[PDB]
Each structure stands twice: as structure tokens, then as C-alpha cells.
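Here's the letter readout for the chains.
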Amino acid sequence: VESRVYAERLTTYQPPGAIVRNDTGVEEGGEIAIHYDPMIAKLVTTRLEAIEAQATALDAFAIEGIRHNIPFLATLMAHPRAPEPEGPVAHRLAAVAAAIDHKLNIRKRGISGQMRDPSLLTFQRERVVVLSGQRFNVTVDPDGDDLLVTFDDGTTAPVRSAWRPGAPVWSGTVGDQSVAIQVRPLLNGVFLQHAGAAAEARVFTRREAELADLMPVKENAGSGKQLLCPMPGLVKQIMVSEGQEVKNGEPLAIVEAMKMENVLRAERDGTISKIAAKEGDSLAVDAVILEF
Amino acid sequence: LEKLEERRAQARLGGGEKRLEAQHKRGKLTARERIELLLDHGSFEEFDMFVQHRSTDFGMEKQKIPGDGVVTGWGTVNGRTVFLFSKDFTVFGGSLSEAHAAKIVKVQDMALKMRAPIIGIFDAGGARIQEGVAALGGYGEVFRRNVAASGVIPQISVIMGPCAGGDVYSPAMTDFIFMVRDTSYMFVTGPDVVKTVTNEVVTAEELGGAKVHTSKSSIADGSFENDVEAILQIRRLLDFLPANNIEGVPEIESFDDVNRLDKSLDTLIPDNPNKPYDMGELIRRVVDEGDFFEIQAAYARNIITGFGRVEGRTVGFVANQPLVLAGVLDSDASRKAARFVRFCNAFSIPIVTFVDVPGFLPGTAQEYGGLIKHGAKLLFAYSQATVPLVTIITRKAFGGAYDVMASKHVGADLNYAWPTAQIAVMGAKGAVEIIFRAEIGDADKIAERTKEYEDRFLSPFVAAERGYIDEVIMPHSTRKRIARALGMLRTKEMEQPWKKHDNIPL
Amino acid sequence: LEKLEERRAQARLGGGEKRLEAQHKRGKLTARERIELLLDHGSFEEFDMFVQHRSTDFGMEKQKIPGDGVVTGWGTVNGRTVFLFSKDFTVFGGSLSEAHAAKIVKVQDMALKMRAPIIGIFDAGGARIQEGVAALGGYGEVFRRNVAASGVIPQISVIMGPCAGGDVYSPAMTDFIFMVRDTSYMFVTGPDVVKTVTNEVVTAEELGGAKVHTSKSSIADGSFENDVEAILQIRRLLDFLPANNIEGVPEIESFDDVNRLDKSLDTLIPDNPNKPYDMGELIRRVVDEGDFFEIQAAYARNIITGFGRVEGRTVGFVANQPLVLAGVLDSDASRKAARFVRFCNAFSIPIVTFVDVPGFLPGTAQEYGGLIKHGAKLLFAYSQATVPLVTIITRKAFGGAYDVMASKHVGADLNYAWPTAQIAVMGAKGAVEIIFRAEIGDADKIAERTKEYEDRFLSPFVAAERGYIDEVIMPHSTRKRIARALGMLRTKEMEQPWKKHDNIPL
Amino acid sequence: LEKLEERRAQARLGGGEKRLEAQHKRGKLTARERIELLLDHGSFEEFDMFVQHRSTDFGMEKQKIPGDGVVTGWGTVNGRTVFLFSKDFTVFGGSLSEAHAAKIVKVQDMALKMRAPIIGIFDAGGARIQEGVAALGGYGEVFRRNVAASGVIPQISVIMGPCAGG
Ligand SMILES: CC(C)(COP(=O)(O)OP(=O)(O)OC[C@H]1O[C@@H](n2cnc3c(N)ncnc32)[C@H](O)[C@@H]1OP(=O)(O)O)[C@@H](O)C(=O)NCCC(=O)NCCS
Ligand SMILES: *C(=O)CCCC[C@@H]1SC[C@@H]2NC(=O)N[C@@H]21
Ligand SMILES: *C(=O)CCCC[C@@H]1SC[C@@H]2NC(=O)N[C@@H]21
């Protein structure tokens, strides 16, 4: 079986009984060239082990700077033929989400200039790892390189890998089940993708988790219904029609102000009624270009 | 004696159960919860739990609540000592009586004596009217101490609720102000006086809310979604900062390799001279693990400033940002960079600068706003500093701007340049128009002269031939060079004359 | 030899007799005439008369004019040594090339080493394009030296003609900028570029003329009718200033008497609390002989700042001005007073303050304009100062403002008060409306409460009872007391900890 | 970019293949070989590779060779930082001009600021006559820095060829 990764600028592109081989279309530092077709790469390797190795290699595959389509492939391969982690995968994710924290903490307890040797302080073996809506009461314990992450009811899973923060692909073994997960940094916690699923995991101690609940669930409003022009410039190109729809963050128009290109971006999942501008017209601050 | 335990349990209750419930309902934590969450487990030592106010006018003598509305003490964060005080909204609205100020001054004085940081958490309700002129005295003392410590120990402030009246002047004199997004605001005068004087009707949030102060006024250095986020991020930040102006920056063992190359950088700069790129990507590609703590992220985005780590040491980064307003220097960006550089120099943190600047912002509005002095501020900041300075000229440096931004002549130690650099007195078209003015009639000839000037003079090599550039480097090696350079630069020691203080253009 | 005399006379002609007559026709003097007029008769010693330029590109090698566009040297003013340079508009438009720059840097270095003032007269026309990148190098070195000397020697700048381009930064970092009323202007970018980029069409005078920079932007410290008046006033001012930061202020023999009484002051403050009074009369009545050198006279007129003499010694004066905006504090006045106090303190000049302030100016415009930090600047400058401070509270101080204006709490040495002083947290009406809020319906009872509060608390005697006021004096004795107090305070000696430099808000 | 690598290769060649072979025929090493042999492997960082002289007299404007006859930079010896400069006999006989002097003064100043040793390797031929009084100026500045550094950082000199004149 062979995976045909498709694109549907590249900041990072770090491709990976199984023997695989990749055929690379574009290398790192390339662009999305409107001339040719959309295509990125090909990756090739019994039916069962084959599909499993394809899954794990897919997960290993790292792409950043654009909106690639690998999640779709991973999901539609997951089916027997975005969700939230569940029974088999949620625990496997929580384990890693705790081990990463433990590693960062062991390295962060070596800061210089302390007042009394930190060895006398004793770690806390209880922790509450919180996924995007779930909750798990983990008890971590250092016994060798591998850790022993005991759950509540009694299920244990010794995490064991050699991932150093910065490397955008965690890869190791949890409960003798080889695993490749993609991590991204966040504000307080990490961003994980293992199967088709994705999650934003945070990890707290008991009291802090007892505290966080008090905080209210902040809400997100909307913008207006016009694409206001925030730069006193000279319009260069409107690259959309009147009757199309646009998803959040997509380029709509492009102007020139200080002889440097500036691109506009929509903000709501709504179709576009009537342009309030035109090619080459001059705009000062607060000038309507679109009417959502 | 159990009586002391009883008294303690009654003091830890602030101003009543019901006011605490009202506090939790607005989404805010209480003073003691904040203290408990910031510090390491079990390290908090409290001072002056039982102080009381001493006024007897206007019926105040009938309600004496212990603690006078502020909680103060000291503890440890990551093993290093810190002092902190937190104002208590549930006790007379957190106002400032005489005894209140006595506690604050005691804690500030002691912190300056032991040379340790100070964290202030504000949730107050202004001046206590009943104490008349007495209250004012309190204010005064606090101010003095702040100024005495400025530049000796780092001071961090966190605004977590209303802060109105004269009180607002205390945080203003600290090194960093952080704010909570939807439940804080700062102003000198409140809406009612604004109405009575100017007939303008404005709500508190629109007058002084977090957005206004993080995007327009320059006061605040950042916002956060809620209290927990703010406190955890303050704890994270504290690990970057030195403890005082004597000891160096703290150092931790790094997980990264100091000799790695990154081929991708060879394509970052676009070939078309009018297409922009994001400097932030480069900055996050040069720090240890892609971690970068941004300062004043939402204000004056034509310049980027922040703290990162190289080889386990904190380093400050300043960079021009092409994505917004073509990266020109204006008044706001100049002020932001000047104050940040002054902080970095005061505590002996090395500085890295990435330069891509075509000039200053033209127009009548900038001149009527006093752009001259604002742009002079940054030059002053760079030129007086005595710490290592390393600069990288990625694509452009035209005119006088090329001097303010840490040029060899104003005291930078090492100046590298990528091959795409263009160092010149002004753009090709303007220069040729000025030099060959007597023929501004012709068209083909002017184009010919422009081509000749552009190929001869708009490159890094004339600058190198004059010795203003130490080395022209291939892009993909940039990180390595920095990591090596800073090493040799650790010993920079130089002497200057004796002055009371500089006379920076305010 | 006479051939040497001929070569010298040729160097004395600059760019030619025709260009000199054209310079005169505009109503301006030549560089050498200005130098001759400023310095004491027969004292001018010139450096580097024959320096020439070294460029060989764009056909510039065929015109070598000696002097290269600047006259530099040293002399004496009233017997005291001074160094100075003056740009010559007739030679390549006073442009700044490498060889030109070297003279300037030489004289700056020598002035710093011998610790004497520097006077710079600007008449330039910007960067000489033909020199390419080298030009920038020149600029850079000059900037550096300015910053090195700030706070060691007083530096004065006088703009007597066009001053476009990057060179404008060279005067901005000096202590004082004086401008001529109808022939000078300053801007970073000229009208042509403004028009091309923004489509606005403005003349040079409307963009950077003297009026704009003395009334809106805060750059200029004064304006004058013509060159002669400007130079004579600069000479006059120079006698006030200390030579360097080590010696003391100059002394002359005074014709005034320290024991004179002035009965008039008994009626200065009107009985009617709304009608205003002129503070400038009081200031001019307290100085030695009614001689007062005003700084920034035309900008932010709600505050008054200047130099006078008491008992033959220079003294700085800061005072609130009721005649404009009721004497309130705002951002502009705050910056003005803060920079001035910083200078005075840097060179060990004592300060006298006259206080009449009702609060801060309300309105959204100030909040969006950053009033918090601008106001903190002045408090900072006062509280850090280590020279004698004497304060007089003529009419009223209210709220937080009472603390920024040299309060006893922020380190003032002596605080006097006239009998009419009203020191309180705020006005009577607002205070009573806040305290007795549960009965605000009535109008008669509120008037009763207002009358009782007003009579009890709005006086200087409650503040005195707490010991915040050293003495309540009679107005007609004020001068004598000041003259005595300053006399004792000459010996002030205090010591702060060790810092590299403060972190004043910007 | 390839043009930069090529210009580097042209600056490393100094005064030409023939002069280098003649240098080896005398039994002497060239400047870059000495620098490479003294310092730890891979540690040499060079300053100011492309500097050129700025004289126009006596036709000198027709022979412009990058580097102006001196190699300067810094490196490590047993892990400790050291600064060094080495005169190059092939380029204009290793003589001393203004632009030449600027490199020496830069490296001396930096070495004094950082408080590290200085090694100087000499293979020169004296003052370049065509430069006139300017050349003297060069001499002067170098002397000054020497005197400031004495008794602050140790300074070592190695004479590996003719070193006549001033
Ligand atoms: C914003 C502000 C009003 C906080 O009050 P709030 O959000 O509206 O909520 P509340 O009205 O319930 O006030 C909280 C309580 O503390 C008291 N309080 C608040 N600020 C006070 C102060 N400066 N001095 C004395 N008491 C104060 C209030 O009387 C109130 O009484 P309560 O405990 O019985 O409830 C306050 O910070 C402020 O800015 N005040 C300035 C406005 C003014 O001119 N007077 C108000 C003081 S009464
Ligand atoms: C081409 O159209 C150039 C116009 C403006 C030049 C650029 S943008 C404005 C900046 N200011 C300046 O001096 N030049 C820069
Ligand atoms: C009476 O009309 C009261 C108006 C407000 C008094 C003035 S406004 C400016 C000062 N700020 C303040 O708080 N009070 C003063």
C-alpha cells in the first residue's frame, strides 16, 4: 500500500517489520506554486501490519506553514472501512501529556542561584491531567528512564521515549505499543495529535485544578459585516468574486502602501454580497471594501 | 493556645463569607488564593496579620477589621526568594489607609535591603475619603520607595481589577505591567467627573479597559484570559529575569545543540523586492527551542521585542517587522524599543538586533507629534549601553535609520550581513534624481543611470570595502555564529566618566 | 611669509563673494560673523582651517574648497572657556561628509576631556549624496559623542537656517534648542516626499517652521526676532549655567537685599475663590532683581519654569499657573517640568516650587494619549533628586497631585504654606456627596454638611497638625525665608545604592 | 549564493599563485597556514576579509587587491580565547597603509576590551611609500594601543621574516 500525501510557504517538512521509502515532491522552504498541480509526496512500505505501519508513518509525517490534508487521510483510514479522544486513545494521550510535563519540570528544577539545595524538596506524586473537556487523575512515578504513570482504577503504562523538546514529533513506546504523536507548543499545556483526533492537554496539581474551575468560560463575539481597510493605501488586486464564500483566515484582497504588499483576511464564514471598492482605487483609514 | 488558632481562622476570612461569594461570582479569585497559586507549596511566610486602622472620625471607629485590606509576605518561586503583596477588595474596597501604607512600605524596604524581586497584585478601590489628608501621606511614602528600587531589583505588577485614582501612579513606575482582559481597568479620573466636565458619556471599559491600554496608550505589556493564566505566565517569566543588578542572568542546562545548521533560511527572503516576510519566524528559529516571551505584543507591531534563550542564557531580541507599515520607524515603535533596551542594559542582559528598515515615517501628523525626540530616544538607548550587542542586517538599511539601529559606529561589537543586504544613503531612484538633476527631462537616460547606480552601489560590498561590516555570512549559519560570538563577548568591561545620571530626552 | 597670508585670506572667503552677498540678501549672517559675535572680542582660536574632502566619485573630485563647510574652534565668553562649531551654508550647502565630520568629532572629544560647554550653530542642507555610505559613518560618530557627554557638560544648540534630513538628530540629544522666528525649520523628511507618499501638499514653513516647533511639538526652547538677538540671549544664558557637573554654580555680587519685606503680596490672592491670579508676578517679585530667563515660554502654558538668582546664586523655579486651564496638570506640562527638573538635578542646581493645583485634566483624549506615564515622569524626577528642594503651597493642593509637586513625603526638605492654603483629599462638594450618600436626596441638609466639612477640613491647620507642614508663614516675608533656607541647605549629602542607571518610564 | 563563495575563493588567494610558490621556495609558510596551524581546529573566525586600500596616488588605483596584506581574527587555544593578526608578504610586500592600519587598530581595541591575549606574526616590508604622510598616521595609532595594553593583557610577537623599518 502507498500513501499519496497531497496539499489540499513550507516552514517545516520532516518526513520519516517495516521498511518505508518516501518520494519527495518539494523540499523544505518551498512555496505553493499556483502553476502546477497540488501534490506533495509519496510514501510507500501482510494486510494488517501494512495498514498499521501506514498509520504510524502517516502520524510521523510533519508539515507546517500551510493547511495540509493529512488529518483527512488519517481519519478516513481510522474508520473500519475532528473527533475527541476516546477509551483506547485518550489514556494513551494522557500518559504522554504527563510525561512531557514531568521532563520539563525535572529540567526546570535545576535553575541556578537558589538559596538552599533543592534536593530536600519532595515532588508531588498526584496530578490531574485535563484534556479539552475530560479529566484524569494520574499518579506519576520515576523508576528508571521509563516512568510508571498509574491511573485511578489501576491501569499502568510505562512511557519510554527519547524526545527532546523542540523536535516536533514525539516517538516512543507506551505499554509496549509503539506510538508516534505530533506536539505543538501552546500557552500553558501542549497541542497533541495522535490518531485522527486532536487535543489541547493541560496538566495541573490537585489544588490548582480545584482552583481553575472557578474561572468562567470566556466567550468569543463576532466582527462587523464589512471588511474595513486598516491601511491608507492603493488597492492592487481583488482576488474573489461576488457570490463566493470564504473560510476563516483566507486572503481576499491585496494592496500596496509603502511599496510593500499587504494582504487582507476575512473573518466570518459567510458569502460575500457586493464589493464596496474596485481595482486601483485609493483608500484612507476606515473605508469599506466588502459587505458581508 | 487554641485562642491564637481561632484568631488566625478569623483573620483568614477577610471581610465576611458573603463578600467572598460575591467575589467568586464575578469570576475573580481572592487575595489569598492568588498568593497560594503563585508561590511554591508551603513557602509562604506572612507578615503583620493583625494590623488595624486608627481613624476615629465619621463613625469609622465601630468597624475594625484585621489586616486593613492588604496581604503581604515573602516566599520562594523555583527556590529563589521573592516578596509580594496583594490588595484585598473585600475589606473597605482595598483602599489605602495609614496602616495599609505602613505594611506596604515595610515590605518594600525589606525587599530592597535583601536585593530580591517584588510582585504587586492590584485589586483596589481608590482613596479612603474618611481618613482625610492622612491618607495622602500614605501614598507619598510608597512612591518614594518605588523610585529608590527602580533599576536595582526587578518589579512586576499585575492589575486584576479596578484601579482608580492616585493609586494608579504606583504601578506606572514599575518595569512591567500586565492586565487581565475583561475585568480590569486603569484611569486617573472616573466616568462621573468626565461627564460633569466634558459632557461626554463613556463607560468604564471603553474609557480604560484592557484593549484600550494594550493597543493604544502604551501602558500595558500584555493581556491574559483569566487570573490563572496571568499568574502561571508570571511564574514562567520570573525564570528569565536576573535577581538583581549584580549577579548575571540565571542559566539552565539546555536540550539543544549549539552547532546545528538550518538550510531553510536560504529561502526566507523573497526575490521580489516588494514582497514581505515574517521576521518572527526567524526569531523563533534562532532561540533554543522555539520559545519566545513577547513583550508589548499588541502595540506598535512594526517592531518585535522579547526574551529568549541561547545556550541556556537569557538574551533579548529586537527586530524590525516588514509585515506591517513596511517596517518604518515611527514614534510608538521607537518608544517601545527604547524602554525595552534600557531595561535590558540595566540588568546586564545581552542584545541581538535584526535590521530591515527603509526609513522613517513621513507625514505632517508625525512631525506635529514630535517624532524628532521620540526617534532620538532609541538612539540614546543603544548608544549608552555597555553590554554585548550583535546585529544582523537581513535586507535593508537606508539613510539615517541605518545609524539608530545599532550600527558599528554607535557601539555595536559585531555586525554581520546576509548576502541580500542593501546599505545605501537612499534608494536608487531618489539618489539618481538628485545627482543627475540637470537631465530630469529624458527618460531612457535616467533609466540607464538608475540601472548603473543600482548595480554598483546597492549591495553589501561597498560597506564591507570600507570596513563597516565585519563579515558577510551565509544565512544558514546564522544561529551558530551568534552562539559562538556571545561567548567571547561575556567579558566586556569598559570605563566611562562620572555623572550623577544621564539626561535622556524625555 | 606673505603667501601664507594669501592662502589664509582665500580660506576666509568660503564659497565666493557672490554666494556671500546672496546669503546677506536673505537677512542672515555668515558663519564667521556669528562666531565673532558670540565670543569675547579677540578670543577666537580656530582649528583645522585647511581640511579638504577626499571623495572621487560622480565628478566631485574637481572642486576642492578648503574648510569643507564648517568652522570650529574655541574661545572665551565672559572669561570662561567654551568650545564651538558652526556650519557654513555657502560651501556645498553645509553638507556633511567624512572629512567634515572629523573636525566635529575632534572638537567634541576635546571639549569632553577638558570639561567645558559646547555651542552648536546649525545652518545645514543635509547629507552629501555623492559620498555614498561613507556619509552615514560620519553621522554615526558624532551621535555617539553627544550621548557620551550628556550629563557631564552643558550642550546648547541654535538652529539658524534649514536643518533637514537625518542630521536633525544631532541637536535633538542636546539640552537646549533655540530657533530663529522666520528663517529656520526642522523635519526628518521634506515636503516633496510628503506629497509623493501621502498626497498632502505643505510648504516647508508650514511643516517645520519655528511656530510649529515652539507651540505644538515641544522641541524648541525659545524663538527670537533675528540672529543678533538670538546670539546675545545665548551669551546671556551661558552665564547662568555651571561649567561642568563637578564645580558649583557661578557667583556674582548682588545688588539686592535679603531683609526686604514686600507688603503687596498680602493682597495677591483674591477673596473670590473662582477669580484667578497671575503667578508670574509673584515669581518675578521673589527673584533677585526681577530678572527671569524663561524656558519654553510658549508651550503648555499652564506651568512656568525658568532660572533666576537668589543671593547671587542661580536657582531653578517651577510653578503652577492658574491663568490657563485653572492650573491643572496634563501630559505636556508634566513632560516639560520633568525634563527641566532632571537637568537642574544633574548639575546640582537648587529648586524652588510654587504649588497651586486642583487635580488632573479629565477627558478620554488624555487617557488615550498616555497620561498615566507622562504624569509619573514628573513624580519620578522629583523623588529621585538629591539637591535642595523648597516648596510653597500658595492656594490649593488636591488629591494625588499634591504628592507629585514636591511633597514632604517624596523628599522635599522644607514645606511652607500661606494661610489661605487648602490641603484636602478633594473638593468639599464631591467629598460630602461621597461620604453621606444615603441622604443625597435633600438639598438643605447637604448644604449644612458641606458648610461644616468645608470649615473644618479645608484649611492648612489639619495638615499642619499632622506635621506635614513645617511652618505657616505670612506672605510678605516669603523672600527672606527662602533666602535663609537655601543658605543652610548647601551642605546636603546623601547616598543611594549602586545602580548602573535608573529605569525611568518613557 | 555561489557568487559569495567565489569571491571568498578569490580573496583567499592573495597575491597570486606564482608568489605563493615563490614563498614556499624560500621555506616559509603563508599567513593563512600559520593562522590555521596555531589555533584549534575549526575555531578561526576572520574579520574584514574584503577591505581595500583607498589611495589614488601614483597610479595605485589600478591594482586593487582585497585584504590589503593582513589577516585578522580570533579563535581558541586549548579552549581559551585569543585574538591575532598576521601580516601577508605576498600582498604589496606586506606594507602598511591606512586601510591596513584600520584592521590592526580594530583588533587591538577589541582585545583590550575583552581582556584576552594578543599574538602578532610579522612578515612585513615597511611603510608603503606611495601613501605618503597618511601611512605615518597608521603607524601612530597602532603604537598607542600597544602602550595602553601593556600590563593588562600579555602580548606575544613572532618575527618570521624581514621586519625592517619603523
Ligand atoms: C469601581 C468602584 C466603584 C468599585 O465599586 P463597585 O464595582 O461599583 O461595587 P460596589 O458598589 O458594591 O462597592 C464595593 C463596596 O466597597 C466600598 N468601596 C468601594 N470603593 C471604596 C472606597 N474608595 N472607599 C471606601 N469604600 C469603598 C463601597 O462602598 C461598596 O460598599 P459595600 O461593601 O457595602 O458593597 C471603585 O473602585 C471606584 O472606582 N470608585 C470611584 C467612584 C466614586 O467616586 N465613589 C465610589 C466610592 S463609594
Ligand atoms: C517610493 O515611492 C518611495 C517613497 C517613500 C520612501 C520610503 S517609504 C517612506 C520612507 N521615508 C523615507 O525617507 N523613505 C522611505
Ligand atoms: C465642579 O464643578 C467640580 C469639577 C471638577 C473639579 C476639577 S476637574 C479637574 C480636577 N480633577 C478633579 O478630580 N477635580 C478637579
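To start, this report covers the structure provided alongside it.

**Re the overall build of chain A**
A count of helices and strands for chain A gives four helices and 21 strands. Here the C-alpha atoms of chain A give a radius of gyration of 24 Å, more than 25% beyond the 19 Å that 2.2 N^0.38 yields for 292 residues. The principal-axis extents of the C-alpha atoms in chain A amount to approximately 70 × 55 × 40 Å. Put simply, chain A has 292 residues, and 35% of those count as buried.

**Side note on the sheet that holds strand 5 (residues 155-159) of chain D**
By definition, the strands of a sheet pair up through backbone hydrogen bonds, in either a parallel or an antiparallel sense. Residues and elements named next belong to chain D. Spatially, 1-2-3-4-5 is the arrangement adopted by the five strands of the open sheet, whose pairing is mixed. Every other strand in the sheet has two partners, leaving strand 1 (45-47) and strand 5 as the edge strands with one partner each. Along the sheet, successive strands turn relative to each other by an average axial angle of 20°, direction set aside. Here strand 1 pairs with strand 2 (residues 70-77) via three bridges, running antiparallel. Across the sheet, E46 pairs through a bridge with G73, a residue of strand 2.

**Details of the arrangement of the chains**
Looking at the three pairs of chains with contacts, the pair that accumulates the most is chains B and C. The two units chain A and chain C remain apart, with a minimum C-alpha distance of 8 Å. Across all C-alpha pairs, the smallest distance from chain C to chain D is 9 Å, and the two are not in contact.

**Remarks on the site of ligand 1**
Neighbouring ligand 1 are the residues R19, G125, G126, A127, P162, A164, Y185 and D192 of chain B together with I434 and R437 of chain C. Those chains with residues close to ligand 1 are chains B and C. Within the side chain of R19 of chain B, an N or O atom sits 2.5 Å from an oxygen atom of ligand 1. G125 of chain B places a polar main-chain atom, nitrogen or oxygen, 2.6 Å from a nitrogen atom of ligand 1. Contact with the protein chains hides 53% of the accessible area of ligand 1, taken as 830 Å² for the molecule alone. Across the shell around ligand 1, the residue classes break down as five nonpolar, two polar and three charged.

**Overview of helix 11 (residues 279-286) of chain C**
All names here are of chain C. Every buried residue of helix 11 is listed here: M279, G280, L282, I283 and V286. Along the axis of helix 11, the buried positions cluster into a sector of 160°, meaning they face one direction only. The elements touched by buried residues of helix 11 are strand 11 (303-310), strand 12 (313-320), strand 13 (351-357), strand 14 (389-398) and helix 19 (478-488).

**Here we look at the interface of chain B and chain D**
Contacts between the two partners involve 24 residues from chain B, matched on the other side by 19 residues from chain D. Of the roughly 2,100 Å² buried where chain B meets chain D, counting both sides, 56% is carbon and sulfur surface. Linking chain B with chain D are two salt bridges. A salt bridge links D470 of chain B to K106 of chain D, with the shortest nitrogen-to-oxygen separation between them at 3.4 Å.

**Notes on the relation of the copies chain B and chain C**
Once chain B has been moved 0.1 Å along the axis and rotated by 180°, it coincides with chain C to within an RMSD of 0.2 Å. Such a combination of turn and shift is consistent with a two-fold rotation axis. A share of 93% of the interface residues of chain B reappears at the interface of chain C, consistent with the copies meeting face to face through the same patch.

**Concerning the site of ligand 3**
Around ligand 3, the neighbouring residues are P358, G359, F360 and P362 of chain C. Of the residues assigned to the shell around ligand 3, the class counts are three nonpolar, one polar and no charged.

**Description of the interface of chain B and chain C**
Listed per partner, the contact involves 100 residues of chain B and 99 residues of chain C. Taking both sides of the interface into account, the surface hidden between chain B and chain C amounts to around 9,700 Å²; carbon and sulfur atoms contribute 68%. The salt bridge involving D502 of chain C is made with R342 of chain B; its shortest N-O contact spans 3.8 Å. Here chain B is connected to chain C by 13 residue pairs in polar contact. No other element matches helix 5 (residues 132-149) of chain B, which puts 12 residues into the side of chain B that touches chain C. Grouping the amino acids of the side of chain B that touches chain C by side-chain chemistry returns 56 nonpolar, 24 polar and 20 charged.

**With respect to the pairing of strand 12 (residues 313-320) of chain B**
All names here are of chain B. For strand 12, a buried count of seven out of eight residues is recorded, marking the element as mostly surrounded by other parts of the structure. The antiparallel pairing of strand 11 (residues 303-310) with strand 12 creates a hairpin that spans two residues between the two strands, and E311 there sits at a positive phi of about 55°. Inspection of the sheet shows strand 12 paired to strand 13 (residues 351-357) by four bridges, in the parallel sense. Along strand 13, the bridge assignment pairs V318 with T353. You can see the chain leave strand 12, run along helix 12 (residues 331-346) and come back into strand 13, and the turn it takes is right-handed.

**Quick word on the packing of helix 3 (residues 31-38) of chain C against helix 10 (residues 227-238) of chain C**
Residues and elements named next belong to chain C. Across the interface, helix 3 lies against helix 10 with an axial gap of 9 Å and an inter-helix angle of 40°. Regarding the angle of helix 3 to helix 10, the classification is oblique. Crossing hand, helix 3 versus helix 10: right-handed. Contacts between helix 3 and helix 10 involve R34, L37 and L38 from the first element and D227, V228, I231, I234 and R235 from the second. For the contact of helix 3 with helix 10, the class distribution of residues is five nonpolar, no polar and three charged.

**Looking at unusual backbone geometry**
Phi is positive for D68 of chain B, close to 55°, though the residue is something other than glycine. Under the relative-accessibility criterion, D68 of chain B is labelled buried at 1%. Positioned with a positive phi, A300 of chain C is a non-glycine residue whose angle comes to about 50°.

**Comments concerning the side chain of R479 of chain B**
Following the sequence through the fold, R479 of chain B ends up in helix 19 (residues 478-488). Setting aside its immediate chain neighbours within four residues, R479 of chain B contacts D256, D257, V258, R260, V286, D288 and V310 of chain B.

**A few points about the sheet that holds strand 4 (residues 118-122) of chain B**
All names here are of chain B. Ordered by their spatial adjacency, seven strands build an open sheet running 1-2-3-4-5-7-9, and the pairing between neighbours is mixed. Bordering the open sheet on either side are strand 1 (45-46) and strand 9 (223-224), each of which pairs with just one other strand. As paired elements, strand 4 and strand 5 (residues 155-159) share five bridges and run parallel to each other. Each residue of the ladder has a partner; that of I118, found in strand 5, is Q155.

**A word on the packing of aromatic side chains**
In total, this model carries 33 aromatic pairs over all chains according to the counting rule given. A ring pair is formed by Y13 of chain A and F61 of chain A, whose centres lie 5.4 Å apart and whose planes are at 85°; its orientation type is edge-to-face. A relative accessible area of 7% places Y13 of chain A in the buried class. Assessed through its relative accessible area of 3%, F61 of chain A is described here as buried. Lying over the aromatic face of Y368 of chain C, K216 of chain B brings its terminal NZ or CZ to 4.7 Å of the ring centre. The ring of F89 of chain C carries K28 of chain C above its face, with NZ or CZ at 5.3 Å from the centroid.

Reading the values: rules and limits
- Residues numbered from 1 in each chain as written, not as in the entry; some residues may be left out.
- Chains lettered and ligands numbered in written order.
- Part of a larger assembly, values for the part shown.
- Heavy atoms only, no water.
- Helix = DSSP H or I, 4+ residues; strand = E, 2+ residues; numbered from the N terminus.
- Rg over C-alpha atoms; globule rule 2.2 N^0.38 Å.
- Buried < 20%, exposed > 50% of the residue type's maximum accessible area, 1.4 Å probe, protein only.
- Pairing = 2+ DSSP bridges.
- Axes fitted to C-alpha atoms, helices over the stretch in contact; angles between N-to-C directions.
- Contact = heavy atoms within 4.5 Å.
- Near = heavy atom within 4 Å.
- Polar contact = N/O pair within 3.5 Å; in protein donor to acceptor, adjacent residues only side chain to side chain.
- Areas by Shrake-Rupley, 256 points an atom, 1.4 Å probe, with all protein chains shown as cover.
- Nonpolar A, V, L, I, M, F, W, Y, C, P; charged D, E, K, R; others polar.
- Arc of directions from axis to C-beta.
- Buried area = accessible area lost by both parts, 1.4 Å probe.
- Salt bridge = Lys/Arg side-chain N within 4 Å of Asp/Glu carboxyl O.
- Least-squares fit on C-alpha atoms.
- Right-handed = clockwise from strand over helix to strand, strands pointing away.
- Parallel < 35°, antiparallel > 145°, perpendicular 65-115°, else oblique.
- Left-handed = near helix turned anticlockwise from the far one by under 90°.
- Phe/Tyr/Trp six-rings, centres within 6.5 Å; stacked < 30°, edge-to-face > 60°.
- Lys NZ or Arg CZ within 6 Å of the ring centre and 35° of its normal.

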